[PDB]
Amino acid sequence: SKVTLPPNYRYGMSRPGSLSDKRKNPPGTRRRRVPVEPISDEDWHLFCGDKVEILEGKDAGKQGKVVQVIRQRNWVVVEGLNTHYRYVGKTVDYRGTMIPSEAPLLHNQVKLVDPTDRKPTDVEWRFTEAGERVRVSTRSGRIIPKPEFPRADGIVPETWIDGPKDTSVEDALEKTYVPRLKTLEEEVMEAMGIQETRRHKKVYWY
Amino acid sequence: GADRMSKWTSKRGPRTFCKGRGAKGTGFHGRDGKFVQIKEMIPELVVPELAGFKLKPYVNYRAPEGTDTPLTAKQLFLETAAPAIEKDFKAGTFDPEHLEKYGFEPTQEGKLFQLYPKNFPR
Amino acid sequence: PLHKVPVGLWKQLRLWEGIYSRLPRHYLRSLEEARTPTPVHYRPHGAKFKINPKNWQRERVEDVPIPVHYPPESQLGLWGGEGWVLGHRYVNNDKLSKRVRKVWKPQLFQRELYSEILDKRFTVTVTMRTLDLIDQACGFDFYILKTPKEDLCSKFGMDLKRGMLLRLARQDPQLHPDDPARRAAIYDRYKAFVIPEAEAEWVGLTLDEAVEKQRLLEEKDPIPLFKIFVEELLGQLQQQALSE
Amino acid sequence: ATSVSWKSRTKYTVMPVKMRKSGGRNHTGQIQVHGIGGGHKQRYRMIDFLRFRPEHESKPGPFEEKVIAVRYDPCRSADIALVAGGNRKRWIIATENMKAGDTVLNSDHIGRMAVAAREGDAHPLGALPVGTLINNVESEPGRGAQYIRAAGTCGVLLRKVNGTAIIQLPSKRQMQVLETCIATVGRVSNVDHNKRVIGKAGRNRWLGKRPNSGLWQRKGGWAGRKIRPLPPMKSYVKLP
Amino acid sequence: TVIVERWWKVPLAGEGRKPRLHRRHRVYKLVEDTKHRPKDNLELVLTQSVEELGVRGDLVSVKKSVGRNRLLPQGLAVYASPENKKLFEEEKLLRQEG
Amino acid sequence: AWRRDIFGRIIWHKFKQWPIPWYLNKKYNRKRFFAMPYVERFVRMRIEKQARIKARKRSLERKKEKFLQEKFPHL
RNA sequence: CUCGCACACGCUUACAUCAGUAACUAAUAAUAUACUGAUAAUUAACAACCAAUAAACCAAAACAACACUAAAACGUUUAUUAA
RNA sequence: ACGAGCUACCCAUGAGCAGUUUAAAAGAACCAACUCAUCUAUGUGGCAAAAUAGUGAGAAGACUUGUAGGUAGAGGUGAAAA
RNA sequence: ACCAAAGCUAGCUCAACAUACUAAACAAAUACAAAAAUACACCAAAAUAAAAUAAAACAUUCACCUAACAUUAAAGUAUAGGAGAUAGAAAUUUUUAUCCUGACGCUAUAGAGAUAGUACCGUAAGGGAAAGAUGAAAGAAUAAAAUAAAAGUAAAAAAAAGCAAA
Ligand SMILES: [Mg+2]
Ligand SMILES: [Mg+2]
Ligand SMILES: [Mg+2]
Ligand SMILES: [Mg+2]
Ligand SMILES: [Mg+2]
Ligand SMILES: [Mg+2]
Ligand SMILES: [Mg+2]
Ligand SMILES: [Mg+2]
Ligand SMILES: [Mg+2]
Ligand SMILES: [Mg+2]
Ligand SMILES: [Mg+2]
Ligand SMILES: [Mg+2]
Ligand SMILES: [Mg+2]
Ligand SMILES: [Mg+2]
Ligand SMILES: [Mg+2]
Ligand SMILES: [Mg+2]
Ligand SMILES: [Mg+2]
Ligand SMILES: [Mg+2]
Ligand SMILES: [Mg+2]
Ligand SMILES: [Mg+2]
Ligand SMILES: [Mg+2]
Ligand SMILES: [Mg+2]
Ligand SMILES: [Mg+2]
Ligand SMILES: [Mg+2]
Ligand SMILES: [Mg+2]
Ligand SMILES: [Mg+2]
Ligand SMILES: [Mg+2]
Ligand SMILES: [Mg+2]
Ligand SMILES: [Mg+2]
Ligand SMILES: [Mg+2]
Ligand SMILES: [Mg+2]
Ligand SMILES: [Mg+2]
Ligand SMILES: [Mg+2]
Ligand SMILES: [Mg+2]
Ligand SMILES: [Mg+2]
């Protein structure tokens, strides 16, 4: 299932259907539109899970790993570099667990760094002779591998145990289709031995 | 006044307004005013035997998927009739006039489950 | 904004695009051409230039056709190209008097007319103008075959002309099955209006009738893709056999 | 909307048929006649005004019927009578002195000698005496009795010449018809119908007569005792 | 057939354009009704020996009523077109020569 | 079939299953698949309204592109 | 002090359980059938949809015995077909 | 173009009138339900854009009333009050 | 000190080009009382524009008034007009292909009515709105800074006498 959003919607690093986002922007609000630089999917070279460097901010020159990207506002966020401190445990007469949350950053402020020399580079998309599209650095002239990142589900295929209601891999990949010219209905009738002799009468369509 | 945006269902009218909710009919009206239900009009669920079925509603998570290749008429023909046509043409017995032996149905009015008129619901 | 094409050309563009373009060229040009109908309710003047009696100067003068309203029942008969004149008039024939809405109507008569080619009597509503036109044309068949669409102004007349043309072009023996000599004599005197069959079945058709006829002619069941695939496979097999 | 007439009954029946009144309104729904509506419910008793209607063509001669009962009809001023002959019964218009168990003769024969004119009998105009009181006069042969029907009203035969009968209507007008037209003899029943006194304004509403409009209209030139001459003889014979 | 003439003058249009008609151009005067004129006389070639008119083979002038209702519907006469006249002329020639 | 209803629109009329032919159907016979001459005017209004909507959408998109180019002069 | 129970027509959940009412509804509070949220609900025997084609059939309802006039809605049977 | 769900009048289909006096279901009489609205007093941004209280007229009829249909503005309908 | 005040965006407007013009959705149900799978039919209809106005009245007349021929001139000319108000041509002439298209148009009482033909108002045809403002981050509300500037109040009720001021 998917949620619908008004055209005048502002993205705030929160899930659109989440309670925090709902309380931040009620369904009856329409805020001023922020200018977002148009960057296409074929030109968005900032992925999730790769090491990047910070250009401007309090942590100038520091490097961190990207943990999330928001294409709507051209935002990229790194874990624990550009941080402001906030209290998460709030009660009537008790406080604590003051954690550093981190603010989002723009593509003009975050640029990819190659793992060879660990120095900032500019990334340009190139088409390899093998039929693959891999990012190629221009300052040094080297390819940057795709930063594989775990999915939000939290399960890795290397360690998975089948439950009572999961098919085995061999059963799932077993091929038993015989491509003949019979419908599913006819094949099921033949398989189960259901015999029907009489046929439908003339039916007019108009 | 009365509403106009609300749906005009059978709850919003007089006693004489008894509108169906979308269920298919299952018979007619007999002689003394009762309802005579026709057995053939009632759907019969063709439910198979799942006792020895070794498949589950979910697949293994490590099982690989495949590239999306939707089945087309060309692929179906290549799979079901092309080898037979090629073998018969090599043998020299191929008859262009008669194709009913290869699964081709010149007229759908004969068989039970027709394709274009769609005589079957599902 | 503005339309790219003026609203006047919308009908012509619709006739140019779609199934209307698949209609026969002779039919398309016959409907495209717009001949001026003969003057019936107004008297035309001869010369293009006339001397103004008050000015004593030569001035250009032209003919403005008077709008004539044809009621729907005029299409079931032969009115001779005349109909209802809807206009105004001055009481006492004085300009300074009142202006009065006026409707001038033709005198309709129920007469039976004989067709020599079709060998049938038609009970149709006609006018003295229609009878006079028949007399001048020297025959009902001659009148129908000579007077064009713009002068007939009758769908029934167009249907009669289409039937006569079809019979003449097909040389139908249905006219006189037991009188071949009479049939030949009848057919020979109308030899000036012989039309080829490719165009004799599209003369008395309206736009909707022509579109329906074209759709019926072009109506074909979609051949199964099994036939196409079998033909393609046979072609490939023949090519492979011939290349070895 | 447009209403449909209640008179859709192609089969003749003796039992009264229910009728839907319409007070002055035409089929469109607008008033055409004023002062009609809001009466009593009535059932229509179908009347066979073609008195000489033989049951079967195999016996087209004169036939005799028996009167079963003379009854009241709300749809007309006169009383009706039920006459049975053979296998069918019919409603006819009762004469002045019809009673149950009477015998009526229906004929179409003309002879050189005039027939003794009974009261319930129906003979062609050419067979009746020259001074006979008649009713249910028929204009064209085989057409039906459109003329005299009201209670007590009767016409008077005047003279028969050239195979053609002349009658005098209750409006004192002379009517010329073919001598073969069938006409019933005698005065119509309910001869005291003109002497009935409506007791109150409510009986008119019972009969179905709405009150006249209260608008006062000044009389024009139409009013006044117009002493006009009797209109000429109304002839129905077709002279070649 | 009624023949009417506009009371007002219509402005010229010489390039092939349709004249700009106004409401005042719907006012007509009935110049003449053709039904009231003395109607012409119909000439017909006889094809049969008729009692009143004459013998077959003559061009006779009869009124339109009888010409359209008696002579033509019953085949007793035909029109006086040149094509029909030539056949009668040649028939007369052969009758004279034989 | 591609039909034209009384509102002037072109619809895809699906066919229903009946026991009698089309010319004998009480309910189907009173349907109307054609447009009367008074519907062309409303069809023209529909065309013009859709044209206006599309034109102003195009103008809005052009203005948005120009504003973005002005706001981000990376050229 | 006494306009109550149900059905028809009409409104469509405003009905029921729990919880909250600083404020929003009650022309004010208490709290709640009238506001808020969550969860549930009206189960057919009553009511709606529920034969045509010809024929025998004049004879009112008003305790209907029998009548009056204003002439009066309301039905069976027979025969042919009714999955 | 839209309006007879109010109202004016008709057309179908139904329903009401208890008690008393009278050979009476008599467009009779007393008086309920019910239908109207004579007079007065409150009310006058009112309970109410026509009401409340008292008092009145009819109450087996030219009566009241439910449902549904019809008559549409150069018109409808009208026991004429434009 | 309350009430409050200020954002710059949503989007609109006018033209050019333009494929050549009733968008997307149309699984099932939708002109039975629309969204109700299923029974022997009937279907279709045309007949001038009028008037408000001008002629200082109003009767003949009254440009545009949902019908193509555009432009430069002939020309407001010939003509038509209660010859009044006004209406008004034609014969004959000129018009070189494409890009160079955006804005001395508006910024939430403006610009489309529009956040929307939605709420709401009418039985219906129909009419028809107002309402947004923090921040790079609110996954920075023991939240931070700018005005504390309208009318209306409070801080702070008034002391003979008077168009309230000079
Ligand atoms: Mg409403
Ligand atoms: Mg209901
Ligand atoms: Mg109900
Ligand atoms: Mg049952
Ligand atoms: Mg009567
Ligand atoms: Mg009577
Ligand atoms: Mg009177
Ligand atoms: Mg009077
Ligand atoms: Mg309500
Ligand atoms: Mg609640
Ligand atoms: Mg409160
Ligand atoms: Mg109504
Ligand atoms: Mg009503
Ligand atoms: Mg009583
Ligand atoms: Mg009384
Ligand atoms: Mg009172
Ligand atoms: Mg008192
Ligand atoms: Mg009282
Ligand atoms: Mg009283
Ligand atoms: Mg009294
Ligand atoms: Mg007037
Ligand atoms: Mg009137
Ligand atoms: Mg008066
Ligand atoms: Mg007065
Ligand atoms: Mg004026
Ligand atoms: Mg003035
Ligand atoms: Mg005046
Ligand atoms: Mg004036
Ligand atoms: Mg005008
Ligand atoms: Mg003059
Ligand atoms: Mg003057
Ligand atoms: Mg010119
Ligand atoms: Mg606005
Ligand atoms: Mg202030
Ligand atoms: Mg002082």
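1. Overview of the packing of helix α1 (residues 73-80) of chain B against helix α2 (residues 82-91) of chain B
Residues and elements named next belong to chain B. Two elements in contact, α1 and α2, have axes separated by 4 Å at closest approach and are oriented at 50 degrees. Classified by the angle between their axes, α1 and α2 sit oblique to one another. Across the interface between the two elements, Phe77, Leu78, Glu79 and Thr80 of α1 pack against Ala82, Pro83 and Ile85 of α2. Classifying every residue of the contact of α1 with α2 by side-chain character gives 5 nonpolar, 1 polar and 1 charged.

2. Let's talk about the sheet that holds strand β5 (residues 77-79) of chain E
All names here are of chain E. Strand order in the open sheet made by the 3 strands is β4-β3-β5, with antiparallel pairing throughout. Each edge of the sheet is formed by a strand with only one pairing partner; in this case those strands are β4 (59-62) and β5. The sheet shows a mean angle of 45 degrees between the axes of neighbouring strands, direction not considered. The pairing of strand β3 (residues 42-46) with β4 spans 4 bridges and is antiparallel. Residue pairing across strands places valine 45 opposite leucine 59, the latter belonging to β4. On top of the sheet, helix α1 (residues 64-71) reaches β3, β4 and β5; it is set at about 35 degrees to β3, its chief contact.

3. Thoughts on the nonpolar core
Membership of the largest hydrophobic core comes to 37 residues, with the highest contact counts inside it found for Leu113(C), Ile117(C), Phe140(C), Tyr143(C), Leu145(C) and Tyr190(C). Only β6 (120-126), α3 (128-137), α4 (140-146), α6 (155-170) and α7 (180-188) of chain C together with β3, β4 and β5 of chain E provide two or more residues apiece to this core. Top contributing element to this core by residue count: α6(C), with 6 residues. Ignoring anything within four residues of it in the chain, the contact list for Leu145(C) reads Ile117(C), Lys161(C), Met164(C), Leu165(C), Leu168(C), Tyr190(C) and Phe193(C).

4. Topic: the side chain of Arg135(A)
Residues and elements named next belong to chain A. As for its position among the elements, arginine 135 is in strand β9 (residues 133-137). Assessed through its relative accessible area of 0%, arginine 135 is described here as buried. Every residue in contact with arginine 135, bar those within four places of it in the chain, is listed here: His45, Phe47, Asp50, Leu112, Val123, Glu124, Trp125, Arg142, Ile143, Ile144, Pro145 and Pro147.

5. A look at the protein's contact with RNA strand H
Residues and elements named next belong to chain D. Near RNA strand H you find 25 residues, and of these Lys21, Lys200, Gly202, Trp206 and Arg210 are the closest. Looking at RNA strand H alone, sugar and phosphate atoms form 71% of those within 4 Å of the protein. Residue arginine 205 places a side-chain N or O atom 3.0 Å away from a base nitrogen belonging to RNA strand H. The greatest single-element share of the surface near RNA strand H, amounting to 4 residues, is contributed by helix α1 (residues 201-207). In terms of residue class, the surface near RNA strand H is made up of 6 nonpolar, 11 polar and 8 charged.

6. Considerations on the interface of chain C and chain E
Taken together, the contacts link 31 residues of chain C with 28 residues of chain E. Interface area, chain C with chain E, both sides summed: about 2,800 Å², of which 57% is carbon and sulfur. Considering only the surface of chain C that becomes buried against chain E, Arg43(C), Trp104(C) and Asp135(C) emerge as the three largest contributors, covering 19% of it. Remark: the boundary between chain C and chain E carries 5 salt bridges. Where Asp132(C) meets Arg68(E), a salt bridge forms, and the shortest distance between an N and an O atom there is 3.5 Å. On inspection of chain C and its partner chain E, the count reaches 14 residue pairs in polar contact. For the side of chain C that touches chain E, the secondary structure elements donating two or more residues are β3 (85-90), β4 (99-104) and α3 of chain C. Along the lines of polarity and charge, the residues of the side of chain C that touches chain E split into 15 nonpolar, 6 polar and 10 charged.

7. What about the interface of chain A and chain B?
In this complex, chain A contributes 31 residues to the contact, which on the side of chain B involves 30 residues. At the boundary of chain A with chain B, total buried surface from both sides reaches about 2,800 Å², with 66% on carbon and sulfur atoms. It is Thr167(A), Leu181(A) and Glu185(A) that lose the most area in chain A upon contact with chain B, and together they represent 20% of the buried surface on that side. Across the contact surface, chain A and chain B share 0 salt bridges. Linking chain A to chain B there are 10 residue pairs in polar contact. Counting only elements with at least two residues in the side of chain A that touches chain B, the list comes to α2 (169-173) and α3 (184-192) of chain A. For the side of chain A that touches chain B, the element with the highest residue contribution is α3(A), accounting for 5 residues. A per-class count over the side of chain A that touches chain B returns 15 nonpolar, 4 polar and 12 charged.

8. Here's the deal with the UniProt feature "binding site: Mg(2+) 1" (unreviewed entry) in chain B
Residue and element names in this part refer to chain B. Annotation from UniProt places "binding site: Mg(2+) 1" (unreviewed entry) at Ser10. Looking at the element boundaries, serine 10 is found in the segment before β1 (27-29). According to the relative accessible area criterion, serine 10 is partly exposed, its value standing at 24%. Those residues in contact with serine 10 that lie beyond four places of it in its chain are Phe17, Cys18 and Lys19. Reaching out from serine 10, the side chain makes a polar contact with the backbone oxygen of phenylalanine 17 at a distance of 3.4 Å.

About the thresholds
Residues numbered from 1 in each chain as written, not as in the entry; some residues may be left out. Chains lettered and ligands numbered in written order. Part of a larger assembly, values for the part shown. Heavy atoms only, no water. Axes fitted to C-alpha atoms, helices over the stretch in contact; angles between N-to-C directions. Helix = DSSP H or I, 4+ residues; strand = E, 2+ residues; numbered from the N terminus. Parallel < 35°, antiparallel > 145°, perpendicular 65-115°, else oblique. Contact = heavy atoms within 4.5 Å. Nonpolar A, V, L, I, M, F, W, Y, C, P; charged D, E, K, R; others polar. Pairing = 2+ DSSP bridges. Core = buried A, V, L, I, M, F, W, Y, C linked by side-chain atoms within 4.5 Å. Buried < 20%, exposed > 50% of the residue type's maximum accessible area, 1.4 Å probe, protein only. Near = heavy atom within 4 Å. Polar contact = N/O pair within 3.5 Å; in protein donor to acceptor, adjacent residues only side chain to side chain. Buried area = accessible area lost by both parts, 1.4 Å probe. Salt bridge = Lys/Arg side-chain N within 4 Å of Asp/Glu carboxyl O. UniProt positions renumbered as here; feature names shortened; annotations may be inferred.

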